[PDB]
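Structure, as structure tokens:
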Amino acid sequence: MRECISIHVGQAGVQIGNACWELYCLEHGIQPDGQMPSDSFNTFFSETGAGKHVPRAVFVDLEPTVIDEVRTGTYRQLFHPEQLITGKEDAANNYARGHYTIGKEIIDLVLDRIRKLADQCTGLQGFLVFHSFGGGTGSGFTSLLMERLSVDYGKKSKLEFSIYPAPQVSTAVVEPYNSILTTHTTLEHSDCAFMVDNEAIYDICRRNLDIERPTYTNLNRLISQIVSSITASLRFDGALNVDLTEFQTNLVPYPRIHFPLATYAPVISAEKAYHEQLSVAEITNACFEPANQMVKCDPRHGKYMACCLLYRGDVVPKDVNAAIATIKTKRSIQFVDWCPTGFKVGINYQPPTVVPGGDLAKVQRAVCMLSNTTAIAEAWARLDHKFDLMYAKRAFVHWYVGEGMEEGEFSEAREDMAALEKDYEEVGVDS
Amino acid sequence: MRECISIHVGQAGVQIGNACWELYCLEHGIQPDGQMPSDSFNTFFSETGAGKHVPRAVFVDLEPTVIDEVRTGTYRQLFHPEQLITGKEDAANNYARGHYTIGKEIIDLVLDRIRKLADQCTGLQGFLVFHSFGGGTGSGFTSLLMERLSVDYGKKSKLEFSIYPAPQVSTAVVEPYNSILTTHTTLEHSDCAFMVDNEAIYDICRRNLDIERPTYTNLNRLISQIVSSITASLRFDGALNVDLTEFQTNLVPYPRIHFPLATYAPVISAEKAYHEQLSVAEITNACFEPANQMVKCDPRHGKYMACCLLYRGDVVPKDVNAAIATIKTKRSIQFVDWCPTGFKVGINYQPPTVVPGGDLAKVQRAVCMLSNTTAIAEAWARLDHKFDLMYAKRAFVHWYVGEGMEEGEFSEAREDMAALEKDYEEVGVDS
Amino acid sequence: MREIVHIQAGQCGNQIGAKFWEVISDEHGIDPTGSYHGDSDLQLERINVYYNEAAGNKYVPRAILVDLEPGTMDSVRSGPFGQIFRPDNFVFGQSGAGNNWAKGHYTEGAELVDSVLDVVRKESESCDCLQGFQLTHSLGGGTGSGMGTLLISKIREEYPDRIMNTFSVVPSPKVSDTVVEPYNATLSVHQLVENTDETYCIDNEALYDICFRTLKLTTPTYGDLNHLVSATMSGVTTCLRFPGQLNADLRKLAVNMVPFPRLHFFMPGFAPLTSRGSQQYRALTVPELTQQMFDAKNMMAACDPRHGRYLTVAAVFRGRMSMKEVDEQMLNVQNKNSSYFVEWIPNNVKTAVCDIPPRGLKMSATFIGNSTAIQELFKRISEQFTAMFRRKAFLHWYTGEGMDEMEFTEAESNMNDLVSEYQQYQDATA
Amino acid sequence: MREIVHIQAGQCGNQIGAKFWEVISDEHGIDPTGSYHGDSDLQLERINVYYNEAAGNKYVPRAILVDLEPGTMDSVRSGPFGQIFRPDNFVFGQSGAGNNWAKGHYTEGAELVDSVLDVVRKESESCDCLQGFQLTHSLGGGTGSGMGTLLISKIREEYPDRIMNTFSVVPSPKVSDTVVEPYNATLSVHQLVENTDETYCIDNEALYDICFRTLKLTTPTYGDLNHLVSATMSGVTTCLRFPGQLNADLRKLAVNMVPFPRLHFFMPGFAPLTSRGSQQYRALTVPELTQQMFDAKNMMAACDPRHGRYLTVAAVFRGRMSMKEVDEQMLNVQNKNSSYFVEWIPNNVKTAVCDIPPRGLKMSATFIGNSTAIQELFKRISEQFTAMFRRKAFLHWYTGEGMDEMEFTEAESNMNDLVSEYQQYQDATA
Amino acid sequence: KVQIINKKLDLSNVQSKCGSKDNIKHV
Amino acid sequence: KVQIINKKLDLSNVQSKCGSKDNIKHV
Ligand SMILES: CC(=O)O[C@H]1C(=O)[C@@]2(C)[C@H]([C@H](OC(=O)c3ccccc3)[C@]3(O)C[C@H](OC(=O)[C@H](O)[C@@H](NC(=O)c4ccccc4)c4ccccc4)C(C)=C1C3(C)C)[C@]1(OC(C)=O)CO[C@@H]1C[C@@H]2O
Ligand SMILES: CC(=O)O[C@H]1C(=O)[C@@]2(C)[C@H]([C@H](OC(=O)c3ccccc3)[C@]3(O)C[C@H](OC(=O)[C@H](O)[C@@H](NC(=O)c4ccccc4)c4ccccc4)C(C)=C1C3(C)C)[C@]1(OC(C)=O)CO[C@@H]1C[C@@H]2O
Ligand SMILES: Nc1nc2c(ncn2[C@@H]2O[C@H](COP(=O)(O)OP(=O)(O)OP(=O)(O)O)[C@@H](O)[C@H]2O)c(=O)[nH]1
Ligand SMILES: Nc1nc2c(ncn2[C@@H]2O[C@H](COP(=O)(O)OP(=O)(O)OP(=O)(O)O)[C@@H](O)[C@H]2O)c(=O)[nH]1
Ligand SMILES: Nc1nc2c(ncn2[C@@H]2O[C@H](COP(=O)(O)OP(=O)(O)O)[C@@H](O)[C@H]2O)c(=O)[nH]1
Ligand SMILES: Nc1nc2c(ncn2[C@@H]2O[C@H](COP(=O)(O)OP(=O)(O)O)[C@@H](O)[C@H]2O)c(=O)[nH]1
Ligand SMILES: [Mg+2]
Ligand SMILES: [Mg+2]
């Protein structure tokens with residue numbers, strides 16, 4: 001049937017992929033050794049040998065430590081040994097290294113592995129890519145890989161779950177350079193990009209889950225929950241099914257505006273589950289509050305272009321219609337005038353599954369919400385500002401130039417980013 | 001059906017709320033954990049989970065001490081954790097701190113919780129607010145909350161349970177400032193405001209219950225019994241139901257005169273209960289003695305403008321009519337000439353419930369009385385007098401001014417109070 | 001939560017602080033090693049107001065040791081409850097003030113204040129929501145007075161919105177422990193009147209009288225006096241640690257007890273105080289506590305309140321009682337003694353009740369009065385100061401540290417103005 | 001996979017190397033005989049970064065010992081941990097530089113550098129994927145400075161794309177161990193500033209201050225100083241040997257910390273540092289580590305960062321933690337000290353986290369700062385240089401080896417240019 | 001040498017805000 | 001003797017690239 005291929009690159013991508021594959025194995029009842037103790041999961045797992053299910057995944061990094069952690073973990077006997085590809089020297093937070101110097105050494109091997117995995121599929125629908133903007137390997141190799149993919153396939157859809165840089169929290173100094181360069185070179189080679197912020201997830205964990213020590217495991221578990229809710233309609237059946245193509249058809253009004261924001265509900269802890277009834281109306285309301293968005297940007301500062309809702313479990317379509325109508329009448333949210341109908345809904349029968357030892361309580365229904373809004377324009381502006389601050393004095397430029405990146409490229413990227421900002425300002429004005 | 005929301009502010013409000021919710025849970029047969037051991041109580045409790053009932057209550061204070069007392073008491077698992085909102089520093093008997101400097105920090109969160117609770121109700125009709133004039137957090141934050149509620153809603157009723165300062169007993173030096181300021185601010189935002197007086201309840205407990213050590217538990221139990229008698233018409237069906245709107249339609253003749261007085265009968269001890277065969281007529285007579293009033297003021301000094309009677313239990317309408325007629329013919333009390341029909345009467349089937357460990361005996365009939373009288377004017381005068389005694393020399397004024405409150409505000413408040421006094425003497429004159 | 005940073009300076013400050021911390025540790029059930037061996041959850045519920053929890057179930061008091069000579073805090077360190085304190089909070093010089101205000105305020109204090117402020121900042125930033133600062137010292141000493149005024153000024157500059165409270169040992173009216181105490185007292189009040197939120201005055205002579213008359217103690221030592229002072233301190237700061245029916249914190253007391261910014265000198269008192277043999281003949285009732293508190297002999301300051309009129313009163317009751325009785329006693333006191341209260345303030349009395357019974361008896365009560373009679377103390381000092389300033393006695397000792405007679409004139413003029421204010425606030429004018 | 005070659009030169013280098021190798025062997029569970037006796041697999045999964053494996057489980061550290069005199073390495077060889085090193089790695093001459101930069105750079109270095117280059121080439125051929133080179137030496141010495149500069153230049157000519165880290169010991173500001181210390185120091189930096197990727201500056205005076213003030217050590221010896229330096233060394237490279245939530249290798253630090261090719265001088269620091277008794281008085285939490293980072297008294301160089309502005313900062317944590325806490329601490333530090341950071345570099349802070357803590361600790365912390373205040377150090381050195389160069393003092397010693405005054409002039413001019421650049425980069429200009 | 005700020009506070013005239021007298025002349 | 005490496009950075013004029021204004025004249 002329809003098959004999806006997952007690619008995880010860099011430290012963030014690899015760890016998010018680990019969490020995602022643990023979640024899939026738990027949801028489908030597959031043991032960590034590839035055996036089923038007791039079948040629509042052909043979308044993600046292929047059958048090899050006698051009852052062994054191998055995930056359709058590719059794990060790429062230029063540094064072997066995190067992949068080595070994978071190879072010795074609980075899921076050692078789950079992944080194909082050749083699907084875990086490693087380099088020797090990482091990009092070292094240098095976009096040019098992961099794009100021009102180090103990326104080109106293993107890009108061909110990665111493409112060969114992807115082709116071998118894809119030729120098996122008969123109904124391939126698209127690619128899932130997990131990476132981060134700030135990292136060198138992430139941004140550089142992801143940009144190179146998507147350029148190669150768009151050249152090779154073109155028609156198949158390509159999706160990203162990227163980590164947007166936080167407004168205040170940062171873990172690198174060269175972050176704006178890499179972010180701007182990779183956004184400029186990936187703007188024309190993508191179909192939909194869902195972005196999350198570590199700071200926003202920290203706020204979510206502190207405010208709702210009541211966790212004071214949210215390590216990266218919890219963040220990756222939340223992200224994996226969102227990805228699972230996105231792919232559920234493929235992996236199961238419901239009253240209203242949505243595949244990957246409908247996402248880009250409904251959320252992307254123009255080819256240069258494909259940066260929606262992903263939220264989730266209900267994110268509550270075990271003890272507060274007793275005091276709350278998780279009804280469709282209230283979780284739909286919670287999906288639209290600014291305090292629940294997992295990117296540090298206020299929706300009230302802009303207008304929604306398109307919205308997509310995905311419901312799981314015990315859900316009645318009439319309640320969904322009523323809740324969406326109630327949201328529409330409310331004037332706390334704003335919609336562009338040129339988009340009279342701004343909702344795409346999907347309903348699935350399979351309820352979410354709670355990973356044992358986790359932090360989320362057990363619920364019978366859940367909502368995943370994606371919004372394409374101009375409120376992200378502000379974030380773009382901020383990044384550009386930082387770029388300028390560090391480019392008026394040529395700070396750190398020699399590091400990139402010594403790796404084969406001509407200086408004018410930086411200007412090009414900045415110029416393009418400015419144009420993109422103008423784009424948003426043009427579509428945020430009603431007629 | 002019809003829903004009500006209870007708001008408790010400050011130390012006094014929170015303690016009264018705890019007593020009231022214990023009484024409600026006992027009345028409706030709800031265990032302290034929220035379960036039921038065996039339904040018109042959707043007005044106050046909302047259903048959730050598997051047969052768990054969550055009160056529609058919000059607890060607000062600027063100091064965590066009393067809310068933490070609640071959070072570890074017997075009813076810890078009854079209240080929704082997000083409904084107990086705490087600050088970090090209290091107003092410290094400062095109106096300005098609770099209204100301008102400190103209150104504005106959590107007013108937004110309180111309003112967010114309020115609207116989240118309100119959207120859950122389909123037929124919400126009003127809010128109940130419990131607070132104290134004398135305190136800083138109580139008066140200031142209550143005024144701010146009433147301002148915000150009136151702006152946001154406007155049409156829903158807003159009833160008030162407030163602790164009027166006692167004429168002799170005092171527990172603070174800055175009571176007149178806070179009382180005058182909060183009365184000036186809230187004079188045009190409260191639909192109706194009943195009052196209780198700690199000195200009067202002390203007197204009641206001494207004279208009637210034969211108690212010489214009345215801790216605040218006894219006073220809060222009395223107040224809870226009164227509010228239960230007020231809301232029983234909503235919570236139970238009776239021969240003559242009274243809503244929340246009927247109170248204000250029947251007891252407030254002008255928008256600026258909405259300060260009734262609350263009494264209760266019968267208040268007897270267990271030992272004297274056996275020697276008195278309590279009947280409707282004698283209870284109605286008992287509700288009209290000055291010694292049984294719960295505000296330390298003599299109704300014989302003024303004239304009634306409107307009276308409201310709420311009967312519970314074994315009550316016969318003909319006896320009610322006969323007793324009220326006898327009261328009307330008795331010339332020891334007076335009524336304003338322009339109000340020939342000055343009575344509203346409601347009857348309810350469910351008798352009052354005796355809390356074990358309490359100090360009131362078991363009766364099959366009870367009466368709650370609310371009277372809007374001009375005798376309260378004297379009280380205002382006294383307060384104003386005290387304010388002047390303290391304002392001629394500008395004592396403590398710097399404390400309020402340093403928090404941003406302009407000095408001229410004080411003048412306005414005092415002037416407003418003067419007008420209010422005039423108002424009363426204008427309507428206490430027959431024609 | 002609401003947390004208090006405690007400062008002690010000089011010999012008196014260090015000794016009173018040691019006794020106070022021993023009292024607090026016993027109240028919260030902490031052994032001298034610093035490990036909690038208590039028996040109630042309320043002891044640990046609000047332990048953060050005074051203690052910081054370290055690794056391994058240990059509690060470190062949030063205290064700072066300040067002195068210009070090492071002898072006093074060396075005695076503190078070597079004695080019991082010496083290992084409880086963090087060693088880094090011990091700040092000492094090597095010279096000492098020598099009962100000289102100028103030496104401790106301008107020369108040695110200038111060297112020590114930087115380190116003390118660094119330690120104070122480190123303590124404060126480790127807190128969550130600082131409530132205020134508390135200091136213990138005297139006015140007749142050099143180190144205490146000078147360094148206390150310097151630190152108070154610097155902290156008020158650093159944190160102008162927090163709360164400053166001081167427990168100051170004012171000079172006694174009859175017997176003086178130093179010849180140059182009027183100079184130091186004047187030069188210290190000249191800064192206290194501007195940089196301190198509120199100050200409680202305690203006199204060693206009054207404490208001697210209390211122990212010899214009420215407690216029937218033959219040989220009072222400084223241990224008993226510091227015991228009484230610590231009891232008063234704990235009674236004052238009890239609403240931050242234990243729940244009560246009606247509670248009041250430091251800001252509430254400051255608001256309810258300071259009508260004007262220049263009138264923040266209170267007289268404390270404690271009840272019940274009784275001997276071992278008399279405890280069998282008296283009954284602990286709220287009226288008895290109230291009668292003891294409003295007693296001229298029981299005051300912890302050597303001023304007679306009957307000479308002047310109260311401005312405000314604070315009564316912090318502790319234990320389990322009935323507030324009907326509390327309010328009836330307050331009313332009885334106000335009506336009987338109506339000649340001792342200013343007319344331009346109704347409701348002179350503020351009340352607070354803490355549920356947890358005092359470590360000790362069933363019930364107890366702390367009294368804090370803001371009476372105009374305290375002006376007498378200032379007035380008396382003025383006389384002595386000028387009686388010693390006309391002849392310029394001991395003046396070179398001070399002017400050799402850079403000070404000048406202009407500072408002396410300014411201090412005496414300011415404090416005489418304060419005396420005028422306190423005295424003439426006894427006019428009803430209505 | 002990433003493996004690091006270690007080089008030590010001179011007495012300072014040899015002592016620091018001995019201590020560093022003892023610490024490393026303890027961390028990985030290697031006994032002095034070279035046979036693995038650990039208790040965890042993580043100690044062997046990444047052992048090849050520092051240790052080659054010999055026949056029979058024996059492990060040989062990938063280290064090279066260089067000196068112009070045999071005394072120090074004879075002490076190393078005869079002492080403990082002397083049998084781990086392969087005897088072929090001990091290179092020595094018979095003369096010694098005698099604190100003469102010219103002697104160690106032009107005459108004896110010309111004799112020993114070929115053998116040292118043979119040894120490094122042989123070591124690097126056994127390397128699989130070389131990460132870079134690490135060198136330990138001192139600037140104020142003859143053979144240290146001379147051979148360090150010579151070797152660095154030769155290797156930079158050999159492998160220009162690899163990584164060079166140096167742990168230098170810059171001269172102290174108050175007490176000097178050698179009269180000709182300025183000359184050599186200048187003649188060293190004029191090479192380093194052109195051939196070294198990054199360099200950490202160490203002052204013995206700062207180490208003495210840390211040992212006496214923080215560790216409460218009465219008699220600090222060179223053993224303790226080398227202990228601290230080795231702790232910092234191991235903290236820097238921990239992400240290459242153990243997995244963590246966020247990794248960072250040498251190239252990542254070089255990219256994140258060096259904005260311009262001529263500014264690669266950092267000031268390291270370590271945390272926590274506590275005495276044998278005070279560790280019971282304080283908690284082991286991330287805020288404590290972060291506060292020990294940005295302490296003017298905790299820096300390992302005698303330059304106050306408060307006098308200048310930070311350019312970039314790296315914080316490498318060890319042990320299980322919460323990332324949110326780390327980022328909140330970094331945000332708080334950046335916000336509070338916003339006057340100490342350049343305006344043209346938003347997000348001055350780089351963060352790394354490693355799961356495995358040091359043996360016997362819950363958590364640790366390593367700080368690296370690229371501050372403009374370091375220019376003061378350079379300035380001071382330059383002054384002394386010219387103060388002795390106008391009179392041509394001690395010049396005949398150097399000019400008797402082949403150098404000329406033009407080399408001294410070039411070095412002085414380059415030093416002045418570097419100081420000018422450091423000063424100029426403190427301008428907002430926007 | 002310091003006099004207090006004693007203010008001559010007074011409420012000379014205040015007019016009622018209730019409109020009770022508006023229709024007193026009604027037939 | 002050295003100067004800061006500073007350049008005159010500016011984004012003079014940038015136009016939007018999406019063609020949302022093309023069909024606004026449609027009847
Ligand atoms: C045998 C017995 O029951 O005697 C009692 C006692 O009730 C008496 C004698 C106690 C006792 O106090 C004195 O003997 C005393 C002597 C000089 C000065 C001050 C006190 C007692 O020490 C006081 C002590 O109080 C406490 O429980 C608290 O711990 C007390 N703390 C300490 O005394 C203390 C001493 C060393 C180290 C740590 C704590 C306290 C008091 C007020 C506020 C906080 C704590 C108790 C049980 C008594 C004795 C032992 C005789 C008194 O204590 C107080 C200050 O309330 C003296 O005034 C009361 C009168 C009481 O009758
Ligand atoms: C009960 C306890 O806590 O024991 C500690 C200890 O008391 C203290 C004071 C230790 C101790 O360190 C010192 O006394 C010291 C002296 C001079 C210079 C530097 C340190 C300790 O020696 C250090 C030693 O630390 C280690 O073992 C680390 O792994 C350390 N390794 C070594 O120091 C070492 C010693 C001998 C042989 C090989 C290595 C390390 C630190 C960073 C990076 C790698 C390794 C331990 C736990 C202690 C003692 C024994 C007293 C401290 O050491 C460190 C850096 O962890 C000093 O600062 C810490 C704080 C500790 O509390
Ligand atoms: N949410 C989340 N973010 C992560 C995780 N791991 C890394 N990141 C993000 O990644 C950023 C750092 O860049 P990396 O992705 O680690 O860089 P890289 O992929 O290792 O590529 P190189 O820089 O060449 O090593 C940080 O700012 C983090 O926000 C993770 O496990 N979860
Ligand atoms: N009847 C009754 N009155 C109470 C109760 N608790 C407090 N009060 C009254 O509250 C007054 C004191 O003010 P508070 O209510 O404590 O003020 P607050 O709401 O806590 O706000 P703050 O002044 O900032 O502390 C006293 O005069 C009491 O009469 C109670 O449980 N029952
Ligand atoms: N109540 C009390 N008073 C003290 C104590 N120690 C000293 N004093 C008083 O403090 C004054 C001496 O001040 P001192 O502390 O010695 O000055 P300093 O050493 O320079 O700070 C004397 O008048 C004493 O009465 C004490 O333990 N308790
Ligand atoms: N920290 C530390 N510094 C040292 C050690 N040995 C020497 N030094 C420093 O190095 C300088 C002397 O350099 P030295 O090695 O004798 O010069 P060389 O003979 O040319 O190598 C002095 O300033 C010392 O402070 C050591 O073991 N530890
Ligand atoms: Mg990486
Ligand atoms: Mg309060």
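Letters for chains follow the order of the structure tokens (A, B, ...), residue numbers begin at 1 for each chain, and ligand numbers begin at 1 in the order shown.
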
Item to check | Neighbourhood of ligand 7 at 10 Å, counting only C-alpha atoms and all ligand atoms, reported as a count of residues only | outcome: 24

Next on the checklist: To test your reading of the structure, identify every residue in region 148-358 of chain B that backbone DSSP assigns to strand (DSSP E), and report it as number ranges by chain.
Outcome noted: B: 157-163, 192-196, 261-265, 304-313, 343-348

Those residues you just picked out, can you put them in a file as a PDB file, in the first residue's frame with C-alpha atoms?
```pdb
ATOM      1  CA  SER B 157     -25.289  38.873  38.186  1.00  0.00           C
ATOM      2  CA  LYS B 158     -22.489  39.340  40.723  1.00  0.00           C
ATOM      3  CA  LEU B 159     -23.466  38.729  44.338  1.00  0.00           C
ATOM      4  CA  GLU B 160     -21.184  39.607  47.233  1.00  0.00           C
ATOM      5  CA  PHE B 161     -20.560  38.068  50.640  1.00  0.00           C
ATOM      6  CA  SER B 162     -18.375  40.514  52.543  1.00  0.00           C
ATOM      7  CA  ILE B 163     -17.171  40.993  56.110  1.00  0.00           C
ATOM      8  CA  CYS B 192     -26.086  42.878  45.487  1.00  0.00           C
ATOM      9  CA  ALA B 193     -23.824  42.669  48.539  1.00  0.00           C
ATOM     10  CA  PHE B 194     -24.809  40.906  51.750  1.00  0.00           C
ATOM     11  CA  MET B 195     -22.721  41.548  54.847  1.00  0.00           C
ATOM     12  CA  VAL B 196     -21.758  39.760  58.033  1.00  0.00           C
ATOM     13  CA  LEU B 261     -28.402  42.440  55.906  1.00  0.00           C
ATOM     14  CA  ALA B 262     -28.395  38.675  56.425  1.00  0.00           C
ATOM     15  CA  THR B 263     -29.892  36.818  59.389  1.00  0.00           C
ATOM     16  CA  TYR B 264     -30.740  33.200  60.116  1.00  0.00           C
ATOM     17  CA  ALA B 265     -33.128  31.235  62.307  1.00  0.00           C
ATOM     18  CA  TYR B 304     -36.906  48.577  55.823  1.00  0.00           C
ATOM     19  CA  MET B 305     -37.049  48.952  52.055  1.00  0.00           C
ATOM     20  CA  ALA B 306     -37.349  45.296  51.013  1.00  0.00           C
ATOM     21  CA  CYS B 307     -37.288  41.925  52.759  1.00  0.00           C
ATOM     22  CA  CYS B 308     -36.573  38.432  51.438  1.00  0.00           C
ATOM     23  CA  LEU B 309     -37.536  35.225  53.249  1.00  0.00           C
ATOM     24  CA  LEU B 310     -36.235  31.763  52.353  1.00  0.00           C
ATOM     25  CA  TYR B 311     -37.879  28.825  54.129  1.00  0.00           C
ATOM     26  CA  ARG B 312     -36.676  25.225  54.185  1.00  0.00           C
ATOM     27  CA  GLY B 313     -38.184  21.905  55.176  1.00  0.00           C
ATOM     28  CA  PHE B 343     -41.835  41.001  50.951  1.00  0.00           C
ATOM     29  CA  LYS B 344     -40.504  38.213  48.774  1.00  0.00           C
ATOM     30  CA  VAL B 345     -40.966  34.648  50.020  1.00  0.00           C
ATOM     31  CA  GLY B 346     -39.509  31.394  48.744  1.00  0.00           C
ATOM     32  CA  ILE B 347     -40.082  27.875  50.040  1.00  0.00           C
ATOM     33  CA  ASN B 348     -37.893  24.791  49.613  1.00  0.00           C
TER      34      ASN B 348
END
```

Next on the checklist: Which residues are near region 1-9 of chain F? Cut-off 12 Å, only C-alpha atoms, ignore same chain within fewer than 4 positions. Put them as a PyMOL selection string.
Outcome noted: (chain A and resi 385+387-397+410-411+414-415) or (chain D and resi 259-260+344+413-430)

Item to check | Gap from CA of residue 285 (chain D) to CA of residue 48 (chain C) - Å, one decimal | outcome: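 Result for CA of residue 285 (chain D) versus CA of residue 48 (chain C): 16.7 Å, one decimal.
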
Could you do a least-squares fit of chain E on chain F over every C-alpha atom, in sequence order, and give the output as a compact mmCIF listing (two decimals) with N, CA and C atoms, in the first residue's frame?
```txt
# COMPACT_ATOMS: atom_id res chain seq x y z
N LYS E 1 47.33 50.22 15.79
CA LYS E 1 47.64 50.43 14.38
C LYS E 1 46.78 49.54 13.49
N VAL E 2 45.69 49.01 14.05
CA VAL E 2 44.82 48.08 13.35
C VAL E 2 43.37 48.54 13.48
N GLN E 3 42.70 48.70 12.34
CA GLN E 3 41.28 49.00 12.27
C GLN E 3 40.51 47.75 11.87
N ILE E 4 39.30 47.61 12.42
CA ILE E 4 38.49 46.44 12.10
C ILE E 4 37.73 46.63 10.80
N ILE E 5 37.32 45.51 10.21
CA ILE E 5 36.55 45.49 8.97
C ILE E 5 35.07 45.67 9.25
N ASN E 6 34.64 46.91 9.41
CA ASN E 6 33.24 47.23 9.66
C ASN E 6 32.56 47.54 8.34
N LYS E 7 31.55 46.75 8.01
CA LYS E 7 30.87 46.83 6.73
C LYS E 7 29.52 47.52 6.88
N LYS E 8 29.22 48.39 5.92
CA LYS E 8 27.96 49.13 5.88
C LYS E 8 26.90 48.22 5.26
N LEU E 9 26.44 47.25 6.04
CA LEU E 9 25.44 46.30 5.58
C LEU E 9 24.07 46.95 5.65
N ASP E 10 23.29 46.79 4.59
CA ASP E 10 21.95 47.36 4.55
C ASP E 10 21.13 46.63 3.50
N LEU E 11 19.83 46.49 3.79
CA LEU E 11 18.87 45.92 2.86
C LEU E 11 18.02 47.09 2.35
N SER E 12 18.50 47.74 1.29
CA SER E 12 17.84 48.94 0.79
C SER E 12 16.43 48.63 0.31
N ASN E 13 16.31 47.73 -0.67
CA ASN E 13 15.01 47.36 -1.21
C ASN E 13 14.97 45.87 -1.49
N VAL E 14 13.86 45.24 -1.12
CA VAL E 14 13.60 43.85 -1.44
C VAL E 14 12.14 43.73 -1.86
N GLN E 15 11.89 42.96 -2.91
CA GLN E 15 10.56 42.81 -3.47
C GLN E 15 10.00 41.44 -3.12
N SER E 16 8.70 41.41 -2.81
CA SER E 16 8.05 40.17 -2.42
C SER E 16 8.06 39.18 -3.58
N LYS E 17 8.20 37.90 -3.24
CA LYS E 17 8.24 36.83 -4.23
C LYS E 17 6.90 36.14 -4.43
N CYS E 18 5.94 36.34 -3.52
CA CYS E 18 4.62 35.76 -3.70
C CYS E 18 3.85 36.51 -4.78
N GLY E 19 3.11 35.77 -5.59
CA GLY E 19 2.30 36.38 -6.63
C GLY E 19 0.88 36.65 -6.20
N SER E 20 0.71 37.27 -5.03
CA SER E 20 -0.64 37.53 -4.53
C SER E 20 -1.32 38.68 -5.25
N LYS E 21 -0.56 39.64 -5.76
CA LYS E 21 -1.12 40.83 -6.38
C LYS E 21 -1.42 40.66 -7.86
N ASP E 22 -1.15 39.48 -8.43
CA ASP E 22 -1.32 39.30 -9.86
C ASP E 22 -2.78 39.40 -10.28
N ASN E 23 -3.69 38.82 -9.50
CA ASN E 23 -5.10 38.79 -9.84
C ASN E 23 -5.93 39.72 -8.96
N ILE E 24 -5.30 40.69 -8.30
CA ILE E 24 -6.05 41.63 -7.48
C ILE E 24 -6.95 42.52 -8.34
N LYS E 25 -6.63 42.68 -9.62
CA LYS E 25 -7.44 43.47 -10.53
C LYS E 25 -8.53 42.65 -11.21
N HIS E 26 -8.68 41.38 -10.84
CA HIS E 26 -9.69 40.53 -11.45
C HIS E 26 -11.09 41.03 -11.14
N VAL E 27 -12.00 40.84 -12.10
CA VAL E 27 -13.38 41.27 -11.96
C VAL E 27 -14.08 40.52 -10.84
```

Next on the checklist: as a ChimeraX atom specification, please: every protein or nucleic acid residue near ligand 1 (cut-off 10 Å, counting only C-alpha atoms and all ligand atoms).
Outcome noted: /C:19-29,207,210-212,214-217,220-236,238,270-280,357-365
